[PDB]
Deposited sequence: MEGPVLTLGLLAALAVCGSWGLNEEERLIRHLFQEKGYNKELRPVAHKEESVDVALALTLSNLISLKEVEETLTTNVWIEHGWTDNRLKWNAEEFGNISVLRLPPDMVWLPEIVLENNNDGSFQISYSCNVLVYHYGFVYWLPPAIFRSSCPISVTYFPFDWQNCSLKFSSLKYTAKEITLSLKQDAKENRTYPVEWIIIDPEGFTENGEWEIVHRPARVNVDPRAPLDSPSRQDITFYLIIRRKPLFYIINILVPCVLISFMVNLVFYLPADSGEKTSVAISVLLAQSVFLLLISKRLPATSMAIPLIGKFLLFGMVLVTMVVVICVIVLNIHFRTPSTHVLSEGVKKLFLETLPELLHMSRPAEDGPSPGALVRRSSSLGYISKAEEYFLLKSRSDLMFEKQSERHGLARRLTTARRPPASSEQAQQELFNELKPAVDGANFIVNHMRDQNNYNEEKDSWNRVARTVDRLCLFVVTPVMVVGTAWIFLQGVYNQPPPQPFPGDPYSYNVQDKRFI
């Protein structure tokens, strides 16, 4: 490499290149910096921390006329690799990081072409702030952004623009995140629906403010809910619906309240799990959380109903009076309305002690029969109440669960990345100048 040793010595020592001065003829001029983003891997979206971790390649392109040469003068060299600390740099950072890492991870070589174009494609692991919308979890879609700007320079000194490509000798801007098929790994949980890129200039900010300009790359990402469906929703929904079996359990089994409260405990453990997977924000209740709260309220109601049914079942003449109106309502009217199954002197004085005894025996058995019959009537009233409560509680739970989950099943990201803007920001639709 005699020739590019000569070229580097000519560019940097002979011409006295100063990397602290911008590449401009006059101080009033601005340096055009073209930016693009290539997503190699969406590493993660941590919902509790509300953080997006991405592996990206940040393409920077600008012109430095102090680094031009005639390739024929220097052995036909057309490109140079140089350390980035030898040349002026635009000093682009990720403004909306949430860990203090503003800069690219690895300061790779710049590529300097003989016509003065400086091309810099460093990689980076970026950790950015992504506020999470929890309303439709696990059927949710998210709207993350990666905002890039310069803190060392303002819109007066550099001018941010998007990378421009060419199709059939017609130039167009690259208004999207680039997905290189050779370098992209698909995320197993997150599908990229929209990936626009935008230059944002604040009209109200002064030109000498760093907040005047930025370039933002957005990721509209849809969660794949199959994992959460199979592993959480079907178990929780099945266990919750299992509580309705208590209305078909006989009161004499002695296990209705045990089943109902065990279902409540299972719902509480599910709530404990899902509360750890999402941030504790106050903007909305998660859909899974809404269903869990609905189910716990319904199960608490079912437990109270089981208590009432057990109370009615165990009533006896010695503590309660079975009114004829309650008898008619709960043993004739409701059972047919609900279509329940239905039933259907010396000898004299000598043996007088035995006759008096036998009459007392007869009265005892007759009274016991009447007592047992009233207890059976109370049991049947309890059965009727249980059947009515089944027919009332099961449809309510089914309808509420269907409503709650149909809110999330029909939740989709919008047809366009930006509401109110018809443009799609897709490579299929190039907006040629």
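Note: segments 1-21, 366-428 of the deposited sequence have no C-alpha coordinates in the structure.
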